Each structure stands twice: as structure tokens, then as C-alpha cells.
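*Asks:* got a sequence here, can you build the structure:
(2 chains)
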There are 2 protein chains.
Amino acid sequence: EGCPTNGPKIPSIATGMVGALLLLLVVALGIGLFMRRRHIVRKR
Amino acid sequence: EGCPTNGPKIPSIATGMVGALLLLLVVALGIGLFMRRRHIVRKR
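*Replies:* Residues are numbered from 1 along each chain as shown, chains lettered A, B, ... in the order given. Take a look at the structure below.
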């Protein structure tokens, strides 16, 4: 209105939270599928 | 010197690349140690 008042805004650092979550899910999918596709043998 | 010239500088978005890599390594360590510590049984 007249003076600078902090409101509902997100900083730049937040970028790390988004990219982290996104990639996190991507990595999880890669590993899992890797175990499924890749065969497995019983070893003592 | 006189006019605005782009140089060797990094934007804010880069923050996502750093946090992603850092966390990525952290998560990898957690999972691994989890498998090592946690016992395992042979199941068909």
C-alpha cells in the first residue's frame, strides 16, 4: 500500500527443495525398475 | 567498463543443482547402510 511489507512469497533457495523432491522420485523409480528387470540369484 | 556485459556468474536456479547433488549422495549413504545393518533372509 505505502511501505514494503513481506507477504506470501517464496525465495530462490526453495529451488533446492523442488529439484530435490523431483529428482528423489526419479532416482527411486530408476533403482526399483533396475532390480525388477535385472535377474537375481540365491547366494549364501 | 562502460556497458552491462554478462560474465562468469551463476544464477539462482543453480541452487537446485547443488542441493540435488548434496542430498543425492546423502540418500545413497542412508539406503546402503540400511541394507548392510538390516539383516537378510533367503526367500524363493
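*Asks:* and chain B, is stretch A:22-31 touching that?
*Replies:* Yes. Applying C-beta under 8 Å from any C-beta of the partner chain, one finds stretch A:22-31 touching chain B at A:23-24, A:27. In short, each C-beta sits where N, CA and C put it, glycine included.
*Asks:* please indicate which of the residues you listed are buried?
*Replies:* A:23, A:27 (16 or more other C-beta atoms under 10 Å in any protein chain shown).
*Asks:* tally of neighbours for the closest residue to residue A:12 other than its chain neighbours?
*Replies:* Leaving aside its sequence neighbours, residue A:12 sits nearest to residue B:12 (C-beta to C-beta, 6 or more residues apart in numbering or on different chains; 3.7 Å). By other C-beta atoms under 10 Å in any protein chain shown, 11 other residues sit near residue B:12.
*Asks:* so residue B:12: helix, strand or coil?
*Replies:* coil (DSSP: H, G, I helix; E, B strand; the rest coil).
*Asks:* state the distance from it to residue A:34.
*Replies:* From residue B:12 across to residue A:34, the span is 33 Å (C-beta to C-beta, to the nearest Å).
*Asks:* next: residue A:16.
*Replies:* Per C-beta to C-beta, residue A:16 is found 26 Å from residue A:34.
*Asks:* try residue A:2
*Replies:* Residue A:2 is 58 Å from residue A:34, by C-beta to C-beta.
*Asks:* so those two - more neighbours on which side?
*Replies:* Between residue A:2 and residue A:34, counted using other C-beta under 10 Å, residue A:34 has the larger neighbour count: 9 against 4.
*Asks:* all strands of chain A, in order?
*Replies:* Taking DSSP state E to define them, one finds no strands in chain A.
*Asks:* which residues in chain A form helices?
*Replies:* A:15-37 (DSSP state H).
*Asks:* need the residues of chain A near chain B, please.
*Replies:* Looking at chain B, the residues of chain A close enough under C-beta under 8 Å from any C-beta are A:12-13, A:15-20, A:23-24, A:27, A:42, A:44.
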